[PDB]
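Structure below is input.txt: compact mmCIF, C-alpha atoms and all ligand atoms.
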```txt
# COMPACT_ATOMS: atom_id res chain seq x y z
CA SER A 1 131.39 162.67 -7.33
CA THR A 2 130.49 159.73 -9.58
CA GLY A 3 131.70 157.61 -12.49
CA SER A 4 130.28 155.32 -15.17
CA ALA A 5 132.15 152.81 -17.36
CA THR A 6 131.10 150.33 -20.04
CA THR A 7 131.92 146.66 -19.47
CA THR A 8 132.27 144.28 -22.42
CA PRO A 9 132.29 140.46 -22.70
CA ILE A 10 135.67 139.01 -23.69
CA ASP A 11 134.09 136.30 -25.85
CA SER A 12 130.82 135.07 -27.34
CA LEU A 13 130.21 133.01 -24.20
CA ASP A 14 130.43 135.85 -21.67
CA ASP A 15 133.29 134.03 -19.94
CA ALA A 16 134.36 137.36 -18.44
CA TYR A 17 133.92 141.14 -18.77
CA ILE A 18 136.58 143.83 -19.23
CA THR A 19 136.39 147.52 -18.32
CA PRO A 20 138.72 150.31 -19.48
CA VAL A 21 140.72 151.96 -16.69
CA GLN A 22 142.99 155.02 -16.86
CA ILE A 23 146.24 154.64 -14.92
CA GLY A 24 148.93 157.26 -14.44
CA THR A 25 149.78 160.69 -15.85
CA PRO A 26 149.40 160.94 -18.76
CA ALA A 27 146.76 158.21 -18.73
CA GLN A 28 147.65 154.64 -19.66
CA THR A 29 144.46 152.77 -20.56
CA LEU A 30 144.29 149.11 -19.56
CA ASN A 31 141.29 146.74 -19.76
CA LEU A 32 140.74 145.15 -16.34
CA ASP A 33 138.41 142.44 -15.02
CA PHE A 34 136.30 143.84 -12.14
CA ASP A 35 136.31 141.21 -9.40
CA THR A 36 134.05 141.46 -6.35
CA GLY A 37 135.66 138.27 -5.08
CA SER A 38 139.13 139.73 -4.58
CA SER A 39 140.64 142.92 -3.18
CA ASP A 40 143.82 143.47 -5.20
CA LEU A 41 144.40 145.86 -8.11
CA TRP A 42 147.12 144.27 -10.24
CA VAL A 43 148.21 144.80 -13.83
CA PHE A 44 150.65 143.57 -16.46
CA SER A 45 153.69 145.84 -16.63
CA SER A 46 157.19 146.50 -17.89
CA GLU A 47 158.37 144.46 -14.90
CA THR A 48 156.53 141.26 -15.85
CA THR A 49 158.81 138.50 -17.13
CA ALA A 50 159.05 138.97 -20.89
CA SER A 51 158.17 135.34 -21.59
CA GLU A 52 154.96 135.71 -19.59
CA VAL A 53 153.33 138.40 -21.71
CA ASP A 54 151.48 137.50 -24.92
CA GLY A 55 149.57 140.44 -26.35
CA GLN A 56 148.33 142.10 -23.15
CA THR A 57 148.68 145.87 -22.75
CA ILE A 58 151.28 146.69 -20.11
CA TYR A 59 151.58 149.46 -17.53
CA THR A 60 154.87 151.37 -17.60
CA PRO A 61 155.54 152.94 -14.21
CA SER A 62 158.54 154.92 -15.43
CA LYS A 63 156.32 156.62 -18.02
CA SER A 64 153.96 158.01 -15.38
CA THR A 65 154.82 161.18 -13.47
CA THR A 66 152.45 160.44 -10.58
CA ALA A 67 153.84 156.93 -10.14
CA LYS A 68 155.77 156.20 -6.95
CA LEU A 69 157.37 152.97 -5.76
CA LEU A 70 156.05 151.75 -2.40
CA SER A 71 159.40 150.75 -0.93
CA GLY A 72 159.41 147.30 0.63
CA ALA A 73 155.83 146.40 -0.32
CA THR A 74 155.17 143.08 -2.07
CA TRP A 75 152.15 141.06 -3.22
CA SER A 76 151.21 137.46 -3.95
CA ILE A 77 147.77 136.08 -4.81
CA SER A 78 146.26 132.77 -5.93
CA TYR A 79 142.71 132.30 -7.20
CA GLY A 80 140.07 129.59 -7.00
CA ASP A 81 140.89 128.11 -10.40
CA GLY A 82 144.56 127.88 -9.51
CA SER A 83 145.85 130.95 -11.35
CA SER A 84 148.48 133.05 -9.57
CA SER A 85 150.38 136.33 -9.82
CA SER A 86 152.87 138.37 -7.78
CA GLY A 87 155.19 141.36 -7.86
CA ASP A 88 155.86 144.80 -6.41
CA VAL A 89 153.70 147.79 -5.49
CA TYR A 90 153.28 151.36 -6.71
CA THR A 91 150.96 154.28 -5.92
CA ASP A 92 149.40 156.33 -8.73
CA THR A 93 146.28 158.06 -10.04
CA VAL A 94 143.47 155.79 -11.25
CA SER A 95 140.32 156.96 -13.03
CA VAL A 96 137.31 154.78 -13.81
CA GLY A 97 134.88 156.47 -16.19
CA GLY A 98 135.45 159.91 -14.73
CA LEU A 99 135.91 158.99 -11.06
CA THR A 100 139.49 159.83 -10.09
CA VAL A 101 141.38 158.42 -7.12
CA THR A 102 144.88 159.61 -6.28
CA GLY A 103 147.40 157.52 -4.38
CA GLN A 104 145.76 154.21 -5.28
CA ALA A 105 147.90 151.10 -4.78
CA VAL A 106 148.74 149.69 -8.21
CA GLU A 107 150.22 146.20 -7.89
CA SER A 108 152.70 145.61 -10.69
CA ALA A 109 152.97 141.97 -11.75
CA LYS A 110 156.45 140.45 -11.85
CA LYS A 111 155.23 136.87 -12.32
CA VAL A 112 151.96 135.60 -13.81
CA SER A 113 150.66 132.04 -14.15
CA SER A 114 150.43 130.47 -17.62
CA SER A 115 146.65 130.83 -17.67
CA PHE A 116 147.03 134.59 -17.46
CA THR A 117 149.60 134.79 -20.27
CA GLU A 118 147.33 132.86 -22.61
CA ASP A 119 144.60 135.42 -22.01
CA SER A 120 145.31 138.43 -24.24
CA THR A 121 142.06 140.28 -23.53
CA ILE A 122 142.69 140.72 -19.79
CA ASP A 123 145.38 143.21 -18.76
CA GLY A 124 144.77 142.85 -15.04
CA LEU A 125 142.23 142.83 -12.22
CA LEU A 126 140.39 145.39 -10.09
CA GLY A 127 139.20 143.79 -6.86
CA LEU A 128 136.00 145.13 -5.30
CA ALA A 129 135.79 142.83 -2.29
CA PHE A 130 136.44 144.04 1.26
CA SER A 131 139.86 145.56 1.88
CA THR A 132 140.59 142.87 4.48
CA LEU A 133 141.56 140.48 1.69
CA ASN A 134 144.26 142.69 0.15
CA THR A 135 147.53 140.76 -0.06
CA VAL A 136 149.91 143.72 -0.04
CA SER A 137 152.58 143.12 2.60
CA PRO A 138 153.74 144.23 5.06
CA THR A 139 151.42 147.24 4.85
CA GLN A 140 147.95 146.24 3.63
CA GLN A 141 146.49 148.58 1.01
CA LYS A 142 142.92 149.79 0.46
CA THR A 143 140.77 149.00 -2.58
CA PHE A 144 139.69 151.52 -5.22
CA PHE A 145 136.10 151.66 -3.98
CA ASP A 146 137.28 152.13 -0.40
CA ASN A 147 139.49 155.01 -1.54
CA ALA A 148 136.68 156.82 -3.35
CA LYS A 149 133.94 156.10 -0.80
CA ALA A 150 134.37 159.45 0.92
CA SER A 151 133.98 161.43 -2.30
CA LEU A 152 131.09 159.49 -3.84
CA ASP A 153 127.60 160.99 -3.64
CA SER A 154 126.59 157.58 -2.25
CA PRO A 155 128.92 154.90 -0.84
CA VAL A 156 127.68 152.48 -3.49
CA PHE A 157 128.45 150.86 -6.82
CA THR A 158 126.21 148.97 -9.23
CA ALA A 159 126.75 146.07 -11.62
CA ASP A 160 124.74 145.77 -14.84
CA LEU A 161 126.13 142.89 -16.89
CA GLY A 162 124.70 142.12 -20.30
CA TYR A 163 123.91 138.80 -21.97
CA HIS A 164 126.02 138.55 -25.13
CA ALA A 165 126.26 142.33 -24.97
CA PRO A 166 127.93 145.25 -23.14
CA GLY A 167 126.89 146.40 -19.68
CA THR A 168 127.65 149.14 -17.15
CA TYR A 169 129.54 149.71 -13.90
CA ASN A 170 128.37 152.80 -11.98
CA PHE A 171 130.03 154.38 -8.93
CA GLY A 172 128.17 156.67 -6.55
CA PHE A 173 124.56 156.52 -7.74
CA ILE A 174 121.60 154.34 -8.71
CA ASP A 175 120.30 154.53 -12.29
CA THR A 176 116.55 154.16 -11.77
CA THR A 177 116.09 153.82 -15.53
CA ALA A 178 118.22 150.67 -15.65
CA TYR A 179 115.84 148.27 -13.90
CA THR A 180 112.16 147.41 -13.54
CA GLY A 181 109.98 147.26 -10.43
CA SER A 182 111.57 147.72 -7.02
CA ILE A 183 115.02 147.00 -5.60
CA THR A 184 115.14 144.35 -2.86
CA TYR A 185 117.92 144.74 -0.31
CA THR A 186 119.37 141.91 1.75
CA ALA A 187 121.86 141.66 4.62
CA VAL A 188 125.53 141.15 3.82
CA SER A 189 128.01 139.26 5.99
CA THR A 190 131.51 140.75 5.81
CA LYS A 191 133.02 138.16 8.15
CA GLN A 192 134.99 136.34 5.45
CA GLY A 193 135.74 139.49 3.47
CA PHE A 194 133.25 138.76 0.69
CA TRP A 195 129.88 140.12 -0.40
CA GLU A 196 128.23 137.19 1.36
CA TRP A 197 124.42 136.95 1.52
CA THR A 198 121.69 134.33 1.92
CA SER A 199 119.27 133.35 -0.85
CA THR A 200 115.76 132.37 0.23
CA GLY A 201 115.14 129.47 -2.15
CA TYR A 202 114.82 128.34 -5.76
CA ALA A 203 112.61 126.96 -8.52
CA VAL A 204 113.25 124.96 -11.69
CA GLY A 205 111.28 126.07 -14.74
CA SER A 206 107.61 126.47 -13.86
CA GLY A 207 108.00 124.24 -10.80
CA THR A 208 107.00 125.10 -7.25
CA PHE A 209 109.35 127.43 -5.35
CA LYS A 210 111.40 125.67 -2.67
CA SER A 211 112.00 127.62 0.55
CA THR A 212 115.59 126.93 1.60
CA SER A 213 118.48 129.07 2.83
CA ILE A 214 121.42 129.24 0.44
CA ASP A 215 124.58 130.96 1.69
CA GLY A 216 126.82 132.28 -1.07
CA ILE A 217 128.85 135.18 -2.41
CA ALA A 218 128.16 137.72 -5.15
CA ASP A 219 131.23 137.33 -7.37
CA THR A 220 131.50 139.15 -10.70
CA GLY A 221 134.86 137.43 -11.11
CA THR A 222 133.31 133.97 -11.45
CA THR A 223 131.78 132.82 -14.73
CA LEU A 224 129.21 130.23 -13.67
CA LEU A 225 126.70 129.58 -10.91
CA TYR A 226 127.77 127.11 -8.20
CA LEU A 227 125.04 125.70 -5.95
CA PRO A 228 124.60 122.75 -3.55
CA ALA A 229 124.54 119.22 -4.96
CA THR A 230 120.86 118.72 -4.14
CA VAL A 231 119.75 121.85 -6.00
CA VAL A 232 121.95 121.23 -9.05
CA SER A 233 120.77 117.62 -9.37
CA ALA A 234 117.14 118.77 -9.33
CA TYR A 235 117.83 121.23 -12.16
CA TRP A 236 119.64 118.87 -14.53
CA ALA A 237 117.05 116.16 -13.90
CA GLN A 238 114.65 118.30 -15.94
CA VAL A 239 116.91 118.18 -18.99
CA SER A 240 116.69 114.98 -21.05
CA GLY A 241 120.14 113.57 -21.70
CA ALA A 242 121.94 115.72 -19.15
CA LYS A 243 124.45 113.94 -16.91
CA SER A 244 127.47 114.51 -14.66
CA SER A 245 130.66 113.72 -16.58
CA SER A 246 133.78 112.57 -14.71
CA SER A 247 136.01 113.32 -17.70
CA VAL A 248 134.62 116.80 -18.32
CA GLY A 249 134.32 117.66 -14.64
CA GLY A 250 130.71 118.80 -14.50
CA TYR A 251 127.21 118.56 -15.93
CA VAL A 252 126.91 118.25 -19.71
CA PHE A 253 123.83 118.01 -21.94
CA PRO A 254 122.88 117.40 -25.61
CA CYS A 255 123.44 120.65 -27.50
CA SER A 256 119.98 120.31 -29.02
CA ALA A 257 118.03 120.27 -25.75
CA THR A 258 116.13 123.29 -24.44
CA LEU A 259 117.14 124.45 -20.96
CA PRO A 260 114.49 125.40 -18.40
CA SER A 261 114.93 128.69 -16.52
CA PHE A 262 116.24 128.91 -12.96
CA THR A 263 114.72 131.05 -10.19
CA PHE A 264 116.58 132.24 -7.10
CA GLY A 265 115.16 134.04 -4.10
CA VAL A 266 115.98 137.47 -2.70
CA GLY A 267 113.88 138.05 0.39
CA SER A 268 110.31 137.81 -0.90
CA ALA A 269 111.45 138.74 -4.40
CA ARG A 270 112.46 136.33 -7.17
CA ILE A 271 115.09 136.68 -9.90
CA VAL A 272 114.57 134.54 -13.01
CA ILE A 273 117.53 133.32 -15.09
CA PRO A 274 116.49 132.47 -18.67
CA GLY A 275 117.51 129.02 -19.88
CA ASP A 276 119.54 130.50 -22.73
CA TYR A 277 121.88 131.95 -20.09
CA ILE A 278 122.70 128.46 -18.80
CA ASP A 279 124.09 127.16 -22.10
CA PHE A 280 127.86 127.42 -22.26
CA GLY A 281 128.49 125.75 -25.59
CA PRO A 282 130.14 122.57 -26.88
CA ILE A 283 132.66 121.12 -24.41
CA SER A 284 134.96 120.85 -27.42
CA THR A 285 135.07 122.28 -30.94
CA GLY A 286 132.67 120.23 -33.05
CA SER A 287 131.15 118.27 -30.17
CA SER A 288 127.43 117.66 -29.76
CA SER A 289 127.76 117.72 -25.97
CA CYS A 290 127.39 121.12 -24.28
CA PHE A 291 128.63 122.45 -20.94
CA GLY A 292 126.18 123.54 -18.26
CA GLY A 293 126.18 126.94 -16.61
CA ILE A 294 124.94 125.57 -13.30
CA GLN A 295 127.42 123.31 -11.51
CA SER A 296 127.79 121.78 -8.05
CA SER A 297 129.65 123.57 -5.26
CA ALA A 298 130.06 120.40 -3.20
CA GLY A 299 133.78 120.85 -3.68
CA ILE A 300 134.32 124.61 -3.37
CA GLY A 301 133.35 125.05 0.27
CA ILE A 302 130.95 127.86 -0.60
CA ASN A 303 128.20 128.69 -3.10
CA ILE A 304 129.01 131.29 -5.75
CA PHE A 305 126.55 133.53 -7.56
CA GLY A 306 128.71 134.27 -10.58
CA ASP A 307 128.07 136.11 -13.83
CA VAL A 308 125.41 133.60 -14.90
CA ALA A 309 123.17 134.73 -12.04
CA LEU A 310 124.30 138.35 -11.75
CA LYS A 311 123.77 139.29 -15.40
CA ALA A 312 120.09 138.46 -14.99
CA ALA A 313 119.71 141.29 -12.47
CA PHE A 314 120.58 144.89 -11.71
CA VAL A 315 122.89 144.55 -8.71
CA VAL A 316 123.62 147.18 -6.07
CA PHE A 317 126.68 146.89 -3.84
CA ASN A 318 125.92 149.18 -0.89
CA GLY A 319 129.18 149.88 0.89
CA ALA A 320 127.55 151.75 3.77
CA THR A 321 128.62 151.18 7.38
CA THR A 322 126.05 148.39 7.35
CA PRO A 323 126.60 146.95 3.85
CA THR A 324 123.70 145.44 1.92
CA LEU A 325 123.04 143.85 -1.49
CA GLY A 326 120.29 145.07 -3.81
CA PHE A 327 118.67 142.99 -6.55
CA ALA A 328 116.19 144.14 -9.20
CA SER A 329 114.77 142.71 -12.43
CA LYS A 330 115.69 144.40 -15.72
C1 LIG B 401 143.08 136.58 -1.60
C2 LIG B 401 142.53 135.48 -2.49
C3 LIG B 401 141.15 135.82 -3.08
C4 LIG B 401 140.11 135.92 -1.98
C5 LIG B 401 140.75 134.78 -4.13
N1 LIG B 401 139.49 135.13 -4.79
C6 LIG B 401 139.03 134.38 -5.79
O1 LIG B 401 139.65 133.39 -6.18
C7 LIG B 401 137.69 134.73 -6.40
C8 LIG B 401 137.77 135.66 -7.59
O2 LIG B 401 136.46 136.11 -7.94
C9 LIG B 401 138.40 134.97 -8.82
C10 LIG B 401 138.75 135.99 -9.89
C11 LIG B 401 139.18 135.37 -11.23
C12 LIG B 401 140.43 134.50 -11.06
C13 LIG B 401 140.97 133.97 -12.38
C14 LIG B 401 141.20 135.08 -13.40
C15 LIG B 401 139.93 135.92 -13.60
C16 LIG B 401 139.41 136.47 -12.27
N2 LIG B 401 137.45 133.98 -9.36
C17 LIG B 401 137.60 132.63 -9.45
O3 LIG B 401 138.66 132.11 -9.11
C18 LIG B 401 136.47 131.80 -10.04
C19 LIG B 401 136.98 130.57 -10.76
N3 LIG B 401 137.37 130.90 -12.13
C20 LIG B 401 136.47 131.13 -13.08
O4 LIG B 401 135.26 131.10 -12.89
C21 LIG B 401 137.03 131.45 -14.47
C22 LIG B 401 137.09 132.96 -14.67
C23 LIG B 401 137.74 133.38 -15.96
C24 LIG B 401 136.97 133.84 -17.01
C25 LIG B 401 137.56 134.26 -18.19
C26 LIG B 401 138.94 134.19 -18.34
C27 LIG B 401 139.72 133.72 -17.29
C28 LIG B 401 139.11 133.31 -16.12
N4 LIG B 401 136.19 130.83 -15.51
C29 LIG B 401 135.99 129.51 -15.45
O5 LIG B 401 136.57 128.85 -14.57
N5 LIG B 401 135.08 128.80 -16.37
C30 LIG B 401 134.47 129.61 -17.42
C31 LIG B 401 134.68 128.93 -18.79
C32 LIG B 401 133.95 127.57 -18.80
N6 LIG B 401 133.99 126.99 -20.15
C33 LIG B 401 134.98 126.87 -17.90
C34 LIG B 401 134.80 127.36 -16.45
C35 LIG B 401 140.66 133.40 -3.49
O6 LIG B 401 139.63 133.06 -2.90
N7 LIG B 401 141.70 132.59 -3.63
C36 LIG B 401 141.64 131.22 -3.11
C37 LIG B 401 142.72 130.97 -2.07
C38 LIG B 401 144.01 130.59 -2.47
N8 LIG B 401 144.99 130.30 -1.52
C39 LIG B 401 144.67 130.33 -0.15
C40 LIG B 401 145.75 130.01 0.89
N9 LIG B 401 143.38 130.65 0.25
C41 LIG B 401 142.40 130.95 -0.71
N10 LIG B 401 141.03 131.27 -0.27
```
Structure re-expressed in C-alpha cells:
Amino acid sequence: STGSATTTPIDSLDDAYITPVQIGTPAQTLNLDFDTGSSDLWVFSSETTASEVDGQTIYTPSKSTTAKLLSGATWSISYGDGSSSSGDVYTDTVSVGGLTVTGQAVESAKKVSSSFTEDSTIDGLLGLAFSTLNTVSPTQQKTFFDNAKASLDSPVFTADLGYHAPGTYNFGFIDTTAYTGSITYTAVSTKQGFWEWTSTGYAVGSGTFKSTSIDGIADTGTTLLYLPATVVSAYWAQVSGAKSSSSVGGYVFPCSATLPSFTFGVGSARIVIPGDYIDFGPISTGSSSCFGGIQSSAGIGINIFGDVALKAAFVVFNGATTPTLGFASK
C-alpha cells in the first residue's frame, strides 16, 4: 500500500509546513507538522486546557468510535526551542493521504506551552524519527511510519518541500518524475535516534569545494540550516554588511544585499541551495536588517539540516533494516 499528501507552508517565509491528517471514525481532519526530529504524534484536543487553545482545530476522542484510552499511559516532551507539551494517550485509526494505520498511538495534549497556543496554523505534530525517542510512558509506542512499514510497497517515505509553494510527502514509493538526475544514498546512524548522516563538504557561491566531514541530522521540523562556526563565518564573509548580532541572536545582513548560493556534499554529489532560500526577511516589521537562513550550531551540540537545506532537494528516507538517506536535485 501507499499514500501521498500535500504539504503547505504556514507563512510567506516557509517557517514550517502543515499536512492534513485524518484521525478517528468518522474522520477528524487536523493539520500537523511532520517532524523527522521527533517520534511523538500529539494533537490539540478537547482535553487541552481551554486557555491554551487559540484557533487550532481540536481532536475530540469521545466523537470517534475507534478511539480507545490507553489506561495509565502518559507523555511529556520538550523541543530544542524550548516549547513543551504533555497529556494522555489514545489509540485510533490514522490515515495520511490514503495510507491507513489502525491502532496508532494518538497523544492527546493536556498542556501546551505558550508558543504553541500562539500558533493557530499548527494543530499538532507527527514525528518521523526513530521509535526509540517516543516519550510515551510506561509503555513506549511506535511511530506512524513504523506501524505502516509492513504494509508499504517499500519501507520508505520521501520529502519534497517547496520554496514559497506546496510540496509532497509520499509513503511507500519513489516518484521518479519528481527529481532530476540520479539519487545518491548515504549511510544513516541511528545511534541517537535521529536520521543522522555525514556531509562530505561545502562551497560558498562559485568558490572551490571544501572537503570536510559534517555530521548532522535531517530534520524537517527545523526551519533553518545550522552548521559549524567555521563554515558559517566563511559564508557570511561573502556578504557585504553581514554581521553576527548579539541582540538578534544570529547573523543579520542588509535587506538589499544579494546572497550567494550554498553547496553541500552528499557522497560525490552536490546539492546547491539558491541564495534566495537563505533570506528570512526583516528581523522586525519595517527594518532594513534581514535575518540569515544559515546560522551557527556552536551552541546546539549538533548540526541540523533543516527546511532551508531539505527544500532544495528531493529527499528519500529509507527505513530498511539498514536505513539510508537519498538526495537528488529537482
Ligand atoms: C524527545 C525530544 C525530541 C528528540 C526533541 N526534538 C526536537 O526538538 C527536534 C524537532 O525537529 C523540533 C520540532 C519543532 C519543535 C517546535 C514546534 C515545531 C516543531 N525542532 C526544533 O526544536 C527546531 C528549533 N525550532 C525551530 O526551528 C522553529 C520551528 C517552528 C516553525 C514554525 C512555527 C513554530 C516552530 N523555528 C525557528 O526556531 N525559527 C524560524 C523562524 C525564524 N524567524 C526564527 C527561527 C528534542 O531534541 N528535544 C530536546 C530535549 C529536551 N529535553 C531533554 C532532557 N533532552 C532533549 N534532547
Would you tabulate, counting all atoms listed in the file, all residues of chain A that have an atom at most 6 Å from an atom of ligand LIG 401 (chain B), showing the closest pair of atoms and their distance in Å to one decimal, sorted by chain then ascending number, as a Markdown table?
```
| residue | atom | partner | partner_atom | distance |
| --- | --- | --- | --- | --- |
| A:15 | CA | B:LIG401 | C25 | 4.6 |
| A:16 | CA | B:LIG401 | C25 | 4.5 |
| A:35 | CA | B:LIG401 | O2 | 5.3 |
| A:37 | CA | B:LIG401 | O2 | 3.7 |
| A:38 | CA | B:LIG401 | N1 | 4.6 |
| A:77 | CA | B:LIG401 | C1 | 5.7 |
| A:78 | CA | B:LIG401 | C38 | 4.7 |
| A:79 | CA | B:LIG401 | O1 | 3.4 |
| A:80 | CA | B:LIG401 | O3 | 3.6 |
| A:81 | CA | B:LIG401 | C19 | 4.6 |
| A:83 | CA | B:LIG401 | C13 | 5.8 |
| A:133 | CA | B:LIG401 | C1 | 5.3 |
| A:219 | CA | B:LIG401 | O2 | 5.4 |
| A:221 | CA | B:LIG401 | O2 | 3.8 |
| A:222 | CA | B:LIG401 | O4 | 3.8 |
| A:223 | CA | B:LIG401 | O4 | 4.3 |
```
Export, as a CSV table (one decimal), in the coordinates of the input, the selected residues with C-alpha atoms.
```csv
chain,number,residue,atom,x,y,z
A,15,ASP,CA,133.3,134.0,-19.9
A,16,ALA,CA,134.4,137.4,-18.4
A,35,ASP,CA,136.3,141.2,-9.4
A,37,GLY,CA,135.7,138.3,-5.1
A,38,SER,CA,139.1,139.7,-4.6
A,77,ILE,CA,147.8,136.1,-4.8
A,78,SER,CA,146.3,132.8,-5.9
A,79,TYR,CA,142.7,132.3,-7.2
A,80,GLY,CA,140.1,129.6,-7.0
A,81,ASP,CA,140.9,128.1,-10.4
A,83,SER,CA,145.8,131.0,-11.4
A,133,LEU,CA,141.6,140.5,1.7
A,219,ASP,CA,131.2,137.3,-7.4
A,221,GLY,CA,134.9,137.4,-11.1
A,222,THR,CA,133.3,134.0,-11.4
A,223,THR,CA,131.8,132.8,-14.7
```
(request) Just give me the residues with any atom within 12 Å of (134.7, 163.9, -11.7), file coordinates, counting only C-alpha atoms, written as a ChimeraX atom specification. (result) /A:1-4,94-101,148,151-153,171-172
(request) Tell me which protein, DNA and RNA residues are within 7 Å of residue 295 in chain A, counting all atoms listed in the file, leaving out same-chain ones fewer than 4 positions away, and put them as a PyMOL selection string. (result) chain A and resi 225-227+232+250-251
(message) My list of candidates is A:65, A:233, A:190, A:244. Which is closest to residue 321 in chain A when distances are computed with all atoms listed in the file?
(response) A:190
(request) Find the residue from A:49, A:29, A:22, A:39 that sits nearest to residue 102 in chain A; use all atoms listed in the file when measuring. (result) A:22
(request) Just give me the gap between CA of residue 105 in chain A and CA of residue 150 in chain A in Å, one decimal is fine. (result) 16.9 Å
(message) Taking 2 positions as the minimum chain separation for residues in the same chain, which residues sit within 12 Å of residue 287 in chain A when counting only C-alpha atoms? Answer as JSON, numbers by chain.
(response) {"A": [252, 253, 254, 255, 256, 281, 282, 283, 284, 285, 289, 290, 291]}
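Counting all atoms listed in the file and comparing A:269, A:58, A:70, A:217, the residue that lies closest to residue 141 in chain A is A:70.
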Give me, as JSON lines, each residue of range 15-85 of chain A that comes within 12 Å of range 122-130 of chain A, together with its shortest interatomic pair and the distance in Å at one decimal, counting all atoms listed in the file, with rows ordered by chain and rising residue number.
```
{"residue": "A:15", "atom": "CA", "partner": "A:122", "partner_atom": "CA", "distance": 11.5}
{"residue": "A:16", "atom": "CA", "partner": "A:122", "partner_atom": "CA", "distance": 9.1}
{"residue": "A:17", "atom": "CA", "partner": "A:122", "partner_atom": "CA", "distance": 8.8}
{"residue": "A:18", "atom": "CA", "partner": "A:122", "partner_atom": "CA", "distance": 6.9}
{"residue": "A:19", "atom": "CA", "partner": "A:122", "partner_atom": "CA", "distance": 9.4}
{"residue": "A:20", "atom": "CA", "partner": "A:123", "partner_atom": "CA", "distance": 9.8}
{"residue": "A:21", "atom": "CA", "partner": "A:126", "partner_atom": "CA", "distance": 9.3}
{"residue": "A:23", "atom": "CA", "partner": "A:124", "partner_atom": "CA", "distance": 11.9}
{"residue": "A:28", "atom": "CA", "partner": "A:123", "partner_atom": "CA", "distance": 11.7}
{"residue": "A:29", "atom": "CA", "partner": "A:123", "partner_atom": "CA", "distance": 9.8}
{"residue": "A:30", "atom": "CA", "partner": "A:123", "partner_atom": "CA", "distance": 6.1}
{"residue": "A:31", "atom": "CA", "partner": "A:123", "partner_atom": "CA", "distance": 5.5}
{"residue": "A:32", "atom": "CA", "partner": "A:124", "partner_atom": "CA", "distance": 4.8}
{"residue": "A:33", "atom": "CA", "partner": "A:125", "partner_atom": "CA", "distance": 4.8}
{"residue": "A:34", "atom": "CA", "partner": "A:126", "partner_atom": "CA", "distance": 4.8}
{"residue": "A:35", "atom": "CA", "partner": "A:127", "partner_atom": "CA", "distance": 4.6}
{"residue": "A:36", "atom": "CA", "partner": "A:128", "partner_atom": "CA", "distance": 4.3}
{"residue": "A:37", "atom": "CA", "partner": "A:129", "partner_atom": "CA", "distance": 5.3}
{"residue": "A:38", "atom": "CA", "partner": "A:127", "partner_atom": "CA", "distance": 4.7}
{"residue": "A:39", "atom": "CA", "partner": "A:127", "partner_atom": "CA", "distance": 4.0}
{"residue": "A:40", "atom": "CA", "partner": "A:127", "partner_atom": "CA", "distance": 4.9}
{"residue": "A:41", "atom": "CA", "partner": "A:126", "partner_atom": "CA", "distance": 4.5}
{"residue": "A:42", "atom": "CA", "partner": "A:125", "partner_atom": "CA", "distance": 5.5}
{"residue": "A:43", "atom": "CA", "partner": "A:124", "partner_atom": "CA", "distance": 4.1}
{"residue": "A:44", "atom": "CA", "partner": "A:123", "partner_atom": "CA", "distance": 5.8}
{"residue": "A:45", "atom": "CA", "partner": "A:123", "partner_atom": "CA", "distance": 9.0}
{"residue": "A:48", "atom": "CA", "partner": "A:123", "partner_atom": "CA", "distance": 11.7}
{"residue": "A:53", "atom": "CA", "partner": "A:123", "partner_atom": "CA", "distance": 9.7}
{"residue": "A:54", "atom": "CA", "partner": "A:123", "partner_atom": "CA", "distance": 10.4}
{"residue": "A:55", "atom": "CA", "partner": "A:123", "partner_atom": "CA", "distance": 9.1}
{"residue": "A:56", "atom": "CA", "partner": "A:123", "partner_atom": "CA", "distance": 5.4}
{"residue": "A:57", "atom": "CA", "partner": "A:123", "partner_atom": "CA", "distance": 5.8}
{"residue": "A:58", "atom": "CA", "partner": "A:123", "partner_atom": "CA", "distance": 7.0}
{"residue": "A:59", "atom": "CA", "partner": "A:123", "partner_atom": "CA", "distance": 8.9}
{"residue": "A:77", "atom": "CA", "partner": "A:125", "partner_atom": "CA", "distance": 11.5}
{"residue": "A:79", "atom": "CA", "partner": "A:125", "partner_atom": "CA", "distance": 11.7}
{"residue": "A:84", "atom": "CA", "partner": "A:124", "partner_atom": "CA", "distance": 11.8}
{"residue": "A:85", "atom": "CA", "partner": "A:124", "partner_atom": "CA", "distance": 10.1}
```
